[PDB]
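A.B. asks: Below you will find the structure I want to go over with you.
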Number of protein chains: 2
Amino acid sequence: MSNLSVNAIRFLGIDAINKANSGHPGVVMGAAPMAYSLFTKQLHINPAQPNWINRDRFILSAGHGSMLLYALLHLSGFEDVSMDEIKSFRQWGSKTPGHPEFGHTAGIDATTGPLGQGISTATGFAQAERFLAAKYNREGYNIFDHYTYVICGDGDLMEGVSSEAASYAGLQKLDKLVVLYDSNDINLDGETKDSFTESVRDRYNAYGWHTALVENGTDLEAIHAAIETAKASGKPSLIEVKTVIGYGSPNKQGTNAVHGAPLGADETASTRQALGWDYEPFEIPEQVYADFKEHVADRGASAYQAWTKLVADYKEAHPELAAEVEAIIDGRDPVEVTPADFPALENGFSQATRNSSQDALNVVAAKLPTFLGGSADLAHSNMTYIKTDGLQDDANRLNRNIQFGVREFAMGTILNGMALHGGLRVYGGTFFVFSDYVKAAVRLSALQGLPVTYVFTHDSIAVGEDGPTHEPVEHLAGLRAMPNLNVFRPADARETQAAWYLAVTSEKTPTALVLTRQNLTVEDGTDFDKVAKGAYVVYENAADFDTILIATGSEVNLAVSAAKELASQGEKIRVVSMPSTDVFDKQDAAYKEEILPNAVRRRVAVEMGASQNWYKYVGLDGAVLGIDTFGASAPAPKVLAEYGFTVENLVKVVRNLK
Amino acid sequence: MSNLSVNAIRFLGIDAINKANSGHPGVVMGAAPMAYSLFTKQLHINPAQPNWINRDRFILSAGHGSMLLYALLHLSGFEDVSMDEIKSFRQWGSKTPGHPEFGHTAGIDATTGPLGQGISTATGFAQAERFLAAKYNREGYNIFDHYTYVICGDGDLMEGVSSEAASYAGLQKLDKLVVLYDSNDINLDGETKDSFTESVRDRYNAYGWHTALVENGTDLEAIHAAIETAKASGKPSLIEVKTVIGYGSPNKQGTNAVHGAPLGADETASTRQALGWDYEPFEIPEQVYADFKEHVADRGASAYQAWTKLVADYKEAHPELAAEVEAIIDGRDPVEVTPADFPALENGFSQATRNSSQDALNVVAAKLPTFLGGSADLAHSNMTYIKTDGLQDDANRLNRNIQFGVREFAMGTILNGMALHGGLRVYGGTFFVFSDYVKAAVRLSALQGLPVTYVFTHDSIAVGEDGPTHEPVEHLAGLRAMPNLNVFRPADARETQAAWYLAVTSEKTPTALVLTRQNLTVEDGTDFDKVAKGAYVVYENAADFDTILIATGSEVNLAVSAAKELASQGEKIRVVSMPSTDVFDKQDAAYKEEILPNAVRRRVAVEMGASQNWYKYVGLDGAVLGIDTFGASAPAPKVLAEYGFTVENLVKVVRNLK
Ligand SMILES: Cc1ncc(C[n+]2csc(CCOP(=O)(O)OP(=O)(O)O)c2C)c(N)n1
Ligand SMILES: Cc1ncc(C[n+]2csc(CCOP(=O)(O)OP(=O)(O)O)c2C)c(N)n1
Ligand SMILES: [Mg+2]
Ligand SMILES: [Mg+2]
């Protein structure tokens, strides 16, 4: 049934796209042979156990060909993809959305669609398998041992993020990563002669990868032999496969006219005739089902039974490892972090919060053996090192510090890949101003529900001499507006302890930590336990106050000092600290009225950044002291004075509000 | 002497860094020889005419080495860089800030610092020179004829954006671009053996560039021979030059200890002794000044005078071209576009604003011959094509459509380069959700004062079937908070003509245009001339109204329909269309009170995106109908209803306000 099975894939895609009147047929018709060869000869997957921790992983980086993956899962027997769901492709509430989504459809390993990020994120899947294998395997017990596979297209290899990833992966020697490249000479606006003329395989040779060419994209035995050679090469692999987009369409194959529109009735009838397919829409003969059940489902189910018997014997042979590995198979952390792990700090202690962050992340690393991370060539200024280890690489696989090089975007995608695999907790650092370079991978953290921790230091004009290209202004507003992201800006060393404890116990929300270069003073009124509420009171001189100051981070020290001045003139005032706007917004309506009462409308907000998001708390009769221009090159005390952040100026702002 | 002059560059940098107690000496000491060779043998520049339009252009991509460029401009005789300004490195108000700034200091061609963007933006400098040479040069009169040169480091070639640009430039065959790569085997956290082991020159061959190697980085004759070869090769060039970082420091050279901290007093005394330099800080001998006066200053003035005579002869031989070239040398556009160029539109006309956008920009291209643009493999969906032309390349240099491929970040830097050169007006398009991929280049557009126009289509959940990875939510709030960026979201075709007219007449502010997939209706009350105020009234049934609706884009149609329904039941209501929050915030205080009177506090805002920025206008006693979750994969009419964007739900929201 090989030709028969291959065409069953093609026509399930074509007919499903015609009925939704929406979708992408070209890639399904071109890539069906190489995907059939991969599912029937390489992958070990079990449709009765779709989340098996030691299954082979697969990522469709060219996410617009989603109907190719849906057809393969239906024919193999996955429960969530019935024929009724194939007939509901791209409709409200279905299991078959227009681009693949993780956690919504059982059997799908990663959310794709944004070009470049699929092939990049697969690097982290492969690295996560290497660490777990080095920590836990023993002689005769290969508990963690599997491959990572991907299919990509022309668009993926034009995007810069995938060049970053391939350079890093060649240095790291990740020999279990295997990529199939659909090379059909067409993209959305036309032919690659006007867009993409480089030699792709010569470039990948310079990174230290294995490369090869398959001239006839419909030859099943040539495709299998190349994959076998790639797995024996000792290097990450890129196999270029020449295909015809829209293969079988007499009037439109080889043209961009089949890239992203349904074929329609007249061309669909001409395509059936040319390929010899006389079955009606959604009619698949029994021969094809029996082919997929022998070579995918039964093969995958046999490998799963042998793995479970292996794990049972492993727990008997090594009782000192049994507890941790059992937890990981349950989907839990091997060890539990608690508030009692962090020492108490004294009022008046003076420390910059980048240094407070290093102290707290070293407490976590000593307690939890599956916590790891790195930086983008800024470890010596972010202060991200775990001080008991060196650098991780092919010759030192258990170390927990990673050097990413100057590659912020790919760093985001690799963390996502390590979090998707299962078993680990991860983090990564850079300067706050260059969060623009990684913003699109932060969105995929928020979309897939991954608790990844981003470490952004050097947060304001207090940077000083480096100047406007190195000084953040607009960046907090941009991040606070993104759904399912929690942004923390702690006020001293004590608030920094709490934010790390929340970041490392989060269930399905990523965290961004915003930290200072200059020293800050531990306040008498801050409190570890109250940070989990998002905002709380740190100063108040009279229970009948009529004035409220709101502040975050390094501006909390400034606002408390101004309140004591105003109090000595006879005012009645309260100071609120708000380390997270996103967490405060989720609290109960009773708690919000206790912190910001409706009857007190005299309000002033303070923060060294754009004014935009503070009007939802101060309203039309309040004021905001922020920054709405670019920065300046000079020592930091002078720049702060020229921009209005002094105690004197804040006192003036409050007295002129009435 | 050469050796005497080369050490003058090094110690000027060393001493100025010690006096500020801040800066980066390593790259100055390593790269002084190649920088000296370029200035004395290759560059044609005139210190008395710093903005000469046919000068050779130079970009310092490794921006942390700014003292290397300030020393060179000082010895060459540029007026803004005196010895007093050298003694003011990194101090408030000086002409020598910590990273180079275009516009602030005369003789600086481009702002650098964020790694990768310097070498990338130089691509657009060279493309601008090519287009103006084809259009205006005639036999015997080569008015536009000059090269583009850059110095870069290891960090620049790890960033993804430089791979995108080099691939694009190899296809385009920009043979007058010349790059010197300072290869010192060191980065910020340590040695390149742990970060960057690829074969750089083998990768650049795969793109179609010419490459060469200089093993002894202090041999000035080997350096010169390599650049002459490169300029005759007929391809964009990359020359790898091996240097020792911190050359001369007996205890610190070749380590990351000299990357980013001053040498200090002890090691400076040891370095003066090691290189035989017997002059006190800021003491430069006369022979060095005369070496620079002869070989850069006098040589460039001679080339300038010859160019002025050639232009005068050219304008006598071709009087039909004289007026357009005269305007360009003056820094003005060669033709003026006015409001009477756009045709009037009928109330009720139905058209999507991506299509209105194609009509308006073709009006512009027919009037102004130096207006050009492109798209990142989305021309057939953004609707960006100028319909009288094909694609621009090495064989067809006068066409005005550009295919950038799937390369959003690099697109942004090439636009900035083309606008930095002078003479042109440029634009470029992608989907609004992938503005995340190009955000860091938009920031350089605003920081440098460049009127570059970005075209973002498919702007909300109205995308429908493609799903949440393709549906913008948080993107408007991120862009409106950036200083010096005007964001327009037009309500219909009439409002779209006006936005394009303002975008193309902006003097020093970039523009972002946000446009729809689906059709909208021209309103009775929209008005071409009032768009320049940012917000104005489009519906009002009674002069004593007590309610105000505020809306943008596709939500203006909805708001006017809900308003008419409320009127029929006896209410008195005003509707405000606000195509640009950023321009409205700049109006006179009297005009703000006219549009949003302080005494009317019942206010509802309507927009399909994040709610964050609308509280500045509605306060604590109004409401906002927006979106603060991710989108969904289904037909658009179904998604809009599920999210509450219907006439019936909006009426209800107004009535429940009290
Ligand atoms: C980052 C990003 N930019 C743009 C797009 C829009 N887009 C989707 S597919 C595509 C064409 C890419 O062509 P190719 O990968 O060669 O696919 P083929 O038609 O050969 O299957 C484009 C521009 C996208 N999905 N992601
Ligand atoms: C996008 C970006 N990321 C990070 C930085 C911070 N940074 C500046 S220089 C540097 C190290 C790069 O070293 P290299 O370019 O080899 O220079 P060298 O030490 O040889 O002078 C880093 C990480 C930056 N300026 N821009
Ligand atoms: Mg293709
Ligand atoms: Mg270097």
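In the structure tokens, each chain is lettered A, B, ... as it comes, each chain's residues begin at 1, and ligands are numbered from 1 in order of appearance.
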Mind listing as a PyMOL selection string which residues of chain A are within 6 Å of chain B, counting only C-alpha atoms?
C.D. replies: chain A and resi 90-92+97-98+155+158-161+164+189+195+198-199+202-203+206-207+377+405-407+436+440+465-466+474+478+481-483+612-613+615-616+619-620+629+633-634
A.B. asks: Can I get the selection written as a compact mmCIF listing (two decimals), in the first residue's frame, with N, CA and C atoms?
C.D. replies:
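To be explicit, this is the file written out as again-v5.txt:
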```txt
# COMPACT_ATOMS: atom_id res chain seq x y z
N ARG A 90 -10.28 23.77 11.22
CA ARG A 90 -10.35 25.24 11.30
C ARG A 90 -11.72 25.77 11.80
N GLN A 91 -12.54 24.96 12.48
CA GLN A 91 -13.82 25.42 13.03
C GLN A 91 -13.76 25.60 14.55
N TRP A 92 -14.73 26.37 15.08
CA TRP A 92 -14.78 26.72 16.50
C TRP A 92 -14.92 25.48 17.39
N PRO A 97 -7.11 22.77 14.84
CA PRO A 97 -6.97 24.20 14.50
C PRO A 97 -5.99 24.42 13.35
N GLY A 98 -6.02 25.66 12.82
CA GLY A 98 -5.29 25.99 11.60
C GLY A 98 -3.78 25.84 11.68
N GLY A 155 11.16 29.07 4.16
CA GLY A 155 11.01 30.21 5.06
C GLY A 155 11.79 30.08 6.36
N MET A 158 15.55 31.10 5.96
CA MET A 158 15.83 32.53 5.80
C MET A 158 15.86 33.29 7.14
N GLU A 159 15.11 32.85 8.16
CA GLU A 159 15.04 33.61 9.41
C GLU A 159 16.33 33.49 10.23
N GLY A 160 16.77 34.62 10.80
CA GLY A 160 18.04 34.66 11.49
C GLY A 160 18.14 33.75 12.71
N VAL A 161 17.03 33.57 13.44
CA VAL A 161 17.07 32.80 14.69
C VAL A 161 17.59 31.38 14.47
N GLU A 164 21.48 31.32 14.30
CA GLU A 164 21.99 31.32 15.68
C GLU A 164 21.97 29.91 16.27
N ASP A 189 5.59 34.61 -2.43
CA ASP A 189 5.46 35.58 -3.52
C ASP A 189 6.00 35.08 -4.87
N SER A 195 14.71 35.28 -4.33
CA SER A 195 14.69 35.49 -2.88
C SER A 195 15.77 34.77 -2.09
N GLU A 198 21.66 31.43 -1.95
CA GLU A 198 22.81 30.85 -1.25
C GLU A 198 22.85 29.32 -1.37
N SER A 199 24.05 28.75 -1.19
CA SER A 199 24.23 27.31 -1.00
C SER A 199 23.98 26.93 0.45
N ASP A 202 26.54 24.14 1.98
CA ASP A 202 27.88 24.63 2.32
C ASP A 202 27.86 25.44 3.61
N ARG A 203 26.80 26.21 3.85
CA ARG A 203 26.73 26.96 5.11
C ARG A 203 26.64 26.02 6.31
N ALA A 206 29.92 24.53 7.38
CA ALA A 206 30.79 25.42 8.15
C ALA A 206 30.44 25.46 9.64
N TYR A 207 29.20 25.13 10.03
CA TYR A 207 28.84 25.09 11.45
C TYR A 207 29.28 23.81 12.14
N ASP A 377 26.29 35.87 26.93
CA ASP A 377 27.61 36.54 27.04
C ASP A 377 27.59 37.73 28.00
N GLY A 405 26.49 32.60 24.04
CA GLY A 405 27.00 33.56 23.08
C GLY A 405 26.05 34.75 22.94
N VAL A 406 26.36 35.62 21.98
CA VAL A 406 25.56 36.83 21.78
C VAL A 406 24.36 36.47 20.90
N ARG A 407 23.39 35.68 21.46
CA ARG A 407 22.26 35.10 20.70
C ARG A 407 20.96 35.12 21.55
N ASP A 436 13.96 43.37 23.46
CA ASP A 436 13.37 43.47 22.13
C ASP A 436 13.86 42.35 21.21
N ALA A 440 9.62 37.79 20.67
CA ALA A 440 8.76 36.82 19.98
C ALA A 440 8.84 35.42 20.59
N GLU A 465 26.54 56.11 31.95
CA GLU A 465 27.46 56.55 30.90
C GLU A 465 27.24 55.87 29.55
N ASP A 466 26.74 54.63 29.53
CA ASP A 466 26.56 53.93 28.25
C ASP A 466 25.57 54.65 27.32
N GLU A 474 10.49 52.22 27.38
CA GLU A 474 9.16 51.77 26.98
C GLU A 474 8.90 50.29 27.27
N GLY A 478 5.33 47.47 27.27
CA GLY A 478 5.18 46.43 26.26
C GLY A 478 4.97 45.04 26.84
N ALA A 481 1.48 44.34 28.89
CA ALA A 481 0.28 44.19 28.09
C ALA A 481 0.11 42.79 27.50
N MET A 482 1.13 41.91 27.59
CA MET A 482 1.04 40.59 26.96
C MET A 482 0.28 39.64 27.87
N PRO A 483 -0.73 38.93 27.36
CA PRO A 483 -1.47 37.97 28.20
C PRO A 483 -0.59 36.84 28.74
N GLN A 612 2.51 55.32 30.54
CA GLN A 612 1.27 54.82 29.93
C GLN A 612 0.36 54.03 30.89
N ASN A 613 0.90 53.01 31.57
CA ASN A 613 0.02 52.07 32.26
C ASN A 613 -0.42 52.54 33.65
N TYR A 615 -2.27 55.26 34.50
CA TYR A 615 -3.56 55.94 34.61
C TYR A 615 -4.71 55.02 35.00
N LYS A 616 -4.54 53.69 34.94
CA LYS A 616 -5.63 52.88 35.45
C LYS A 616 -5.69 52.88 36.97
N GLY A 619 -6.13 57.68 37.70
CA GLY A 619 -7.32 58.32 37.17
C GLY A 619 -7.06 59.72 36.63
N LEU A 620 -8.17 60.42 36.33
CA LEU A 620 -8.10 61.73 35.71
C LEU A 620 -7.72 62.85 36.67
N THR A 629 10.80 60.45 27.23
CA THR A 629 11.80 60.71 26.20
C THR A 629 12.90 59.66 26.30
N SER A 633 23.84 60.28 28.05
CA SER A 633 25.16 59.73 28.43
C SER A 633 25.86 60.65 29.44
N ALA A 634 25.88 60.23 30.73
CA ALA A 634 26.53 60.97 31.82
C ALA A 634 26.46 60.14 33.10
```
A.B. asks: Please identify the strand (DSSP E or B) residues within segment 9-144 of chain A (assignment by DSSP from backbone atoms) and present them as a PyMOL selection string.
C.D. replies: chain A and resi 57-60+138+141
A.B. asks: Mind dumping the selected residues with C-alpha atoms as a compact mmCIF listing (two decimals), in the first residue's frame?
C.D. replies:
```txt
# COMPACT_ATOMS: atom_id res chain seq x y z
CA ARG A 57 9.85 13.73 19.56
CA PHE A 58 8.72 15.47 16.35
CA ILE A 59 8.29 19.19 15.51
CA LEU A 60 6.61 20.51 12.34
CA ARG A 138 23.34 3.34 34.73
CA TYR A 141 19.51 0.70 32.24
```
A.B. asks: Which residues are near ligand 3 in this structure, taking near to mean any atom at most 10 Å from a ligand atom and counting only C-alpha atoms and all ligand atoms? Format them as a list in words.
C.D. replies: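 The residues near ligand 3 are residues 26, 27, 30, 62, 152, 153, 154, 155, 156, 181, 182, 183, 184, 185, 186, 187, 188, 190, 191, 192, 243, 244, 245, 256 and 259 of chain A.
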A.B. asks: Neighbours of residue 14 of chain B within 12 Å (only C-alpha atoms; same-chain residues fewer than 6 positions away dropped), as JSON, numbers by chain?
C.D. replies: {"B": [7, 8, 20, 21, 22, 23, 24, 25, 26, 27, 28, 29, 65, 66, 67, 68, 71, 86, 87, 89, 246, 247, 248, 249, 258, 260, 261, 262, 263, 264, 265, 267, 268, 269, 271, 272, 280, 281, 282]}
A.B. asks: Between atom CA of residue 131 of chain A and atom CA of residue 395 of chain A, what is the distance in Å, rounded to a tenth?
C.D. replies: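 It comes out at 11.9 Å.
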A.B. asks: DSSP on the backbone: what in segment 129-231 of chain B comes out alpha helix (DSSP H), as a PyMOL selection string?
C.D. replies: chain B and resi 129-136+154-158+160-172+200-207+220-231
A.B. asks: Report as a list in words all protein, DNA and RNA residues lying within 10 Å of residue 608 of chain A, evaluated on only C-alpha atoms, omitting residues in the same chain fewer than 6 positions from it.
C.D. replies: residues 459, 460, 461, 462, 472, 473, 551, 552, 553, 554, 555, 625, 626, 627, 628, 640, 643, 644 and 645 of chain A
A.B. asks: Looking at B:322, B:520, B:230, B:498, which one is nearest to residue 352 of chain B, with distances taken over only C-alpha atoms?
C.D. replies: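 The closest residue to residue 352 of chain B is B:520.
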A.B. asks: Nearest to residue 216 of chain A: which of A:374, A:423, A:33, A:390 is it, counting only C-alpha atoms?
C.D. replies: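 Smallest separation from residue 216 of chain A among the options: A:33.
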A.B. asks: I'd like the neighbourhood of segment 78-83 of chain B as a PyMOL selection string, where a residue qualifies if any of its atoms comes within 12 Å (using only C-alpha atoms), though same-chain residues fewer than 3 positions away should be ignored.
C.D. replies: chain B and resi 12-13+15-16+45-51+67+69-75+86-89+94-97+103-108+281-284+292-293+296-297
A.B. asks: Measure the distance from atom CA of residue 389 of chain B to atom CA of residue 345 of chain B in Å and round it to one decimal.
C.D. replies: 26.4 Å
